[PDB]
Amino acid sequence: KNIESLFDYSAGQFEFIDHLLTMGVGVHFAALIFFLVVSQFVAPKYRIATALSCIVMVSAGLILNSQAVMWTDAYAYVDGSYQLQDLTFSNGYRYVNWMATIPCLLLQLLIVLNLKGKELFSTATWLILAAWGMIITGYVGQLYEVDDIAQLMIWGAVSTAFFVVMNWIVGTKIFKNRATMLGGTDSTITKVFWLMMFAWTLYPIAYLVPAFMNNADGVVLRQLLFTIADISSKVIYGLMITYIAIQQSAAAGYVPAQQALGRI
């Protein structure tokens, strides 16, 4: 049902996608160790924001690892090209994993925005419901990326509505609570918003690849886009969230944070 299943791949195409996914794994698990060691310099009220980055690194790293082994399982070099065997490859499992990872990315934002108690719970709940609506309708949409492009588009339009509404909640909370943030991170959090807008928008672009580039090179393009998007939305984003957590910790008088920023 996926466009990947339609084509044979050159050695070049097949190896590049393998390398993309493998590099993706390495980057996320490398970053994991960074988030782990810096977590001790985060104040208790923000430390879960850095923990969530560890959780996202392993979740994302595992899905990329799984995709890579699925890639090599599904294809074998036969008569001059990589051809589909008995096992299958699908991006569908990325969608399932987003059900977990996207709420994690959203929660760590709310934490460094200094949201607490009732407002934190309510905002998280609405954000997660919006994200889940986006992911599920998109998941259903991509079931038709071969059989019914028109249906892919309509589900994608519904999904985009959830996307836009989710982004509006995010933007509203960010620009409203920006003033509450310490150590100059009121400026930093603004760049985080635009990083999210940029990186997350790469995913619906990948989603539409079967509509504007339905060939093996389009398959490569989609994996390339996912790689850019994953690293930007999880790793670079995580690094900024953690920086913001540490800076606000130091400004709030957390000594290990102050000492850490002092060494650099």
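Heads up, when I say rigid core I mean the largest set of C-alphas that superpose within 1.5 Å between the two forms. Numbering starts at 1 and runs along the sequence shown.
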Core-aligned Cα RMS comparison in 7 other deposited structures of this protein - stretch that moves more, 79-87 or 155-163: 79-87
Residue stretch of maximal mean CA temperature factor, 174-182 vs 108-116: 174-182
Selected stretch [higher average CA B-factor]: 41-49 or 225-233: 41-49
Maximum C-alpha temperature factor, selected from 97, 188, 81, 72: 81
76, 135, 146, 158, ranked by C-alpha B-factor: the highest one: 146
Ranked C-alpha temperature factor of residue 200 among modelled chain residues, by third: lowest
Third assignment of residue 214 from its chain's C-alpha B-factors: middle
Residue 121 - Cα temperature factor, lowest/middle/highest third of chain: highest
Residue 169 by Cα B-factor - lowest, middle or highest third of the modelled chain: middle
Assigned third (lowest, middle, highest) for the C-alpha B factor of residue 140: middle
